[PDB]
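Novice: Fold the following and give me the result.
(3 chains)
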Amino acid sequence: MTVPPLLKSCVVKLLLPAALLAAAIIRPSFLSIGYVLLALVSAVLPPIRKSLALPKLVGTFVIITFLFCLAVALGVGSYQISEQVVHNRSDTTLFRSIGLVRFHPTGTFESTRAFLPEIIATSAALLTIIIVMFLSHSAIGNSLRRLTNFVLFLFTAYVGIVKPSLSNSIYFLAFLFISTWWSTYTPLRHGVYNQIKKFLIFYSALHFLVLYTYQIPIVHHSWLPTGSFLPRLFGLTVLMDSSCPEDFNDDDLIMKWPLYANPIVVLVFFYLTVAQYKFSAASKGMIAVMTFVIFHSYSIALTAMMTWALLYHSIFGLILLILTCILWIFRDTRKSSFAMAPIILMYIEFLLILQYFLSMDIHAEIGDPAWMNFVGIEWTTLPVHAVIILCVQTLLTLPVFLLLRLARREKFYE
Amino acid sequence: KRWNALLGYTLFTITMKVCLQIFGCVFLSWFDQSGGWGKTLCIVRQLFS
Amino acid sequence: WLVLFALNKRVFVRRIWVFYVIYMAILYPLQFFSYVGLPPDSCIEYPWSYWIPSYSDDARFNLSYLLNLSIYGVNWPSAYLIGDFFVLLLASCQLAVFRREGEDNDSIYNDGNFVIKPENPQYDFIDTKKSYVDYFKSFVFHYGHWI
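Specialist: Numbers count the residues shown, from 1 in each chain, chains lettered A, B, ... in the order given. Shown next is the structure:
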């Protein structure tokens, strides 16, 4: 009788997608579409909080999972049996695309792989049967919530950094838009925040769909080759290409951390976003501390701006240093920042988007125009260095971005 | 009915063990296969004792 | 035989116990004859020496042993005979009990309803403390399912 609704609901909503994604990354097929869709429909489902038993919509989604998983498992089993009884062509293309794979007796993770995905699907189906038949019976908190919103903001930045391309270009655009809205210190409505979250979740689901369904061997073999114009532009990388007896790009750099980390990083990003959607010295001491902070915020941001000029080389960087010395040469340093904060923000954001364009997954598509030989910022051919340098760039541009926040706040105080 | 079901299940497994005695003493030679299929049936021999 | 015995009510067992005891009392001499087998002086082979020629001699010997078919010069264990004899003893004595019997042994639920019966011949042993036999009765009819 002591049926834990929350515990078993969390077990479902977390582990069954987990083993689901494991059996998926094992082998890609139409099982990708169906099975990843079964995972992603749940998203942030209405919790079973001891009310109205299992939700009607949740129950409908779960019974759809029953039907689809049972049909897929039975079909794969029947097709494998038929192949065994009977036995690179179009029939073989459909053979890979459906979910079947050739059986060979020489694999620890390969001979089992011939039937493991359907075994895992049947096990998940049985667990769902058991669970559905069994379930039918703040100040520090607010500070931590804002801190986790900030680290989700940083995670949006990081997942934009890991694959600079049109797959994450919209991520970076949403990042900059919400950052500028939050910088004006105008309280952004919870409706707009919910709309931004919904757009992020929808485009993330589309991103999973395209990245994985493109990871199917047939798609990259037939429709368009791996690392072609669209993969170089939008961003499409195939991770696993090893198959049964009839693996990405090249291994000149052994690490290749961003390329291998893209799936798991974006997956944990999805999980964090859906979870967030569901979720003495007296006053004189820190008042003087905050007074010093507001009197030296432009100074510290400008020193970080120099640090950017040290790390990165450009005639733009020359413009950065000349604007730095202009701002730090006069008596009205605070007033100078107060007046030219929008201009420096526009310049730095343009520099961000320009180095992003220069760090796109595209290579040799634009060539080496006059803005390269004369100016000279690296193309970032290796992504391992690119991810680190652009993460340094954003963590450095954070305070020079906050200076406009403080300037606007002060500005509407008078 | 549940207790009689437990009775029937215990007698089911007693019959299965008695019938598997001969399956393991003279019918074990079907279990001397190669890897793969033989490996799987070797495991099921282990897990059916 | 055990499976057909257990999952059936006492009426069916009463009907088939004569058949079962006849079967056991026929098998026991048959089993002893099978253990004895043909004399080696006869020099006549057994049919089960060629039932499965595709296997080794050990497999054929074990197959004949589990079927309790005779093997030339094999030491049949006495435990088989002792166990079968004890089964025969119990079967014969239970047949004797079955012939001299009314309605005491079978279930009291033959009427059909499973609610508490109005009257029962024996007192409420749980509350009373007649003797140590009452203690044992309470222990085994109140916590026997635990065991």
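Novice: And the one helix or strand residue B:16 maps to, what's buried?
Specialist: Under the criterion of DSSP states H and E, residue B:16 resides in helix B:2-25. By neighbour count on 16 or more other Cβ atoms under 10 Å in any protein chain shown, the buried set for helix B:2-25 is residue B:11. The C-beta positions use only the backbone N, C-alpha and C, and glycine is treated the same way.
Novice: And for the helix or strand immediately after it in the chain, what's in contact with it?
Specialist: Sequence-wise, the next helix or strand downstream of helix B:2-25 (DSSP H and E) is helix B:37-47. With contact meaning Cβ atoms under 8 Å, 6 or more residues apart in numbering or on different chains, helix B:37-47 is reached by A:105, B:24, B:28, B:30-33.
Novice: run the last query once more with 7 Å
Specialist: Residues outside helix B:37-47 that contact it (Cβ atoms under 7 Å, 6 or more residues apart in numbering or on different chains): B:31, B:33.
Novice: now the angle from it to helix B:2-25?
Specialist: 130 degrees (axes from the mean of the first three to the mean of the last three Cα atoms, to 10 degrees).
Novice: With just CA atoms, put helix B:37-47 into PDB.
Specialist: Written as PDB, here are the backbone C-alpha positions of helix B:37-47 (Å, rounded to 0.1, in the frame of the first residue of the first chain):
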ATOM      1  CA  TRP B  37      24.500 -19.100 -29.200                       C
ATOM      2  CA  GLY B  38      26.500 -21.600 -27.200                       C
ATOM      3  CA  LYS B  39      27.600 -18.900 -24.900                       C
ATOM      4  CA  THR B  40      24.000 -17.700 -24.300                       C
ATOM      5  CA  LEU B  41      22.800 -21.300 -23.700                       C
ATOM      6  CA  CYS B  42      25.800 -21.900 -21.400                       C
ATOM      7  CA  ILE B  43      24.600 -18.800 -19.400                       C
ATOM      8  CA  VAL B  44      21.000 -20.100 -19.300                       C
ATOM      9  CA  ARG B  45      22.300 -23.400 -18.100                       C
ATOM     10  CA  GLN B  46      24.100 -21.500 -15.300                       C
ATOM     11  CA  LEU B  47      21.000 -19.500 -14.400                       C
END
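Novice: what about that helix, distance to the chain center?
Specialist: In this view, helix B:37-47 has its centroid 11 Å away from the chain centroid, taken as Cα atoms, centre = their mean, to the nearest Å.
Novice: Which elements pack onto the helix holding residue B:16?
Specialist: Judged by 3 or more Cβ pairs under 7 Å, 6 or more residues apart in numbering or on different chains; DSSP states H and E, helix B:2-25 is in contact with helix C:2-6, helix C:57-66.
Novice: I'd say residue A:175 and residue A:160 touch.
Specialist: Yes - contact criterion Cβ atoms under 7 Å: residue A:175 and residue A:160 qualify, at 5.9 Å.
Novice: Find the nearest non-adjacent residue to whatever residue of the stretch 1-150 of chain A ends up closest to chain C, please.
Specialist: Nearest to chain C in the stretch 1-150 of chain A, going by Cβ to the nearest Cβ, is residue A:1, at a distance of 19.8 Å. Ranked by Cβ to Cβ, 6 or more residues apart in numbering or on different chains and with sequence neighbours excluded, the top spatial neighbour of residue A:1 is residue A:137, at 6.2 Å.
Novice: Kindly report the same for residue A:362.
Specialist: Nearest residue to residue A:362, sequence neighbours excluded (Cβ to Cβ, 6+ apart): residue A:232, at 5.1 Å.
Novice: Is the one you found in a helix, a strand, or coil?
Specialist: Three-state assignment for residue A:232 (DSSP: H, G, I helix; E, B strand; the rest coil): helix.
Novice: Could you pull up the residues touching it?
Specialist: Neighbour list for residue A:232: A:361-363, A:365 [criterion: Cβ under 7 Å, 6+ apart].
Novice: how near is it to chain C?
Specialist: Residue A:232 sits 64 Å away from chain C, taking Cβ to the nearest Cβ, to the nearest Å as the criterion.
Novice: how near is that residue to residue A:369?
Specialist: With distances defined as Cβ to Cβ, to the nearest Å, the gap from residue A:232 to residue A:369 amounts to 18 Å.
Novice: helix or strand for the residue of chain C found nearest chain A, which one?
Specialist: Closest residue of chain C to chain A, Cβ to the nearest Cβ: residue C:145 (19.8 Å). Assigned by DSSP H and E, residue C:145 belongs to neither a helix nor a strand.
Novice: separation between residue C:133 and residue C:146?
Specialist: Noted for residue C:133: a distance of 20 Å to residue C:146, by Cβ to Cβ.
Novice: Where does chain B get nearest to chain A, which residue?
Specialist: residue B:36 (3.6 Å).
Novice: quick one: that residue and residue A:104 touch, right?
Specialist: No - Residue B:36 is beyond contact range of residue A:104, at 8.3 Å (criterion: Cβ under 7 Å).
Novice: ok so, going back, the residue of the stretch 1-150 of chain A closest to chain C: how many residues sit nearby?
Specialist: If you count neighbours by other Cβ atoms under 10 Å in any protein chain shown, residue A:1 ends up with 3.
Novice: so how far is residue C:6 from residue A:44?
Specialist: 53 Å.
Novice: try residue C:93
Specialist: According to Cβ to Cβ, residue C:93 and residue C:6 sit 19 Å apart.
Novice: Repeat that for residue A:160.
Specialist: From residue A:160 to residue C:6 the distance is 70 Å (Cβ to Cβ).
Novice: ok, now residue C:21?
Specialist: As judged by Cβ to Cβ, residue C:21 and residue C:6 stand 17 Å apart.
Novice: secondary structure class for the residue in the stretch 251-400 of chain A that chain B sits nearest to?
Specialist: Closest to chain B within the stretch 251-400 of chain A is residue A:263: 30.8 Å, counting by Cβ to the nearest Cβ. Secondary structure assignment for residue A:263 (three-state DSSP): helix.
Novice: Report how many residues lie close to it.
Specialist: Neighbour count of residue A:263, defined by other Cβ under 10 Å: 17.
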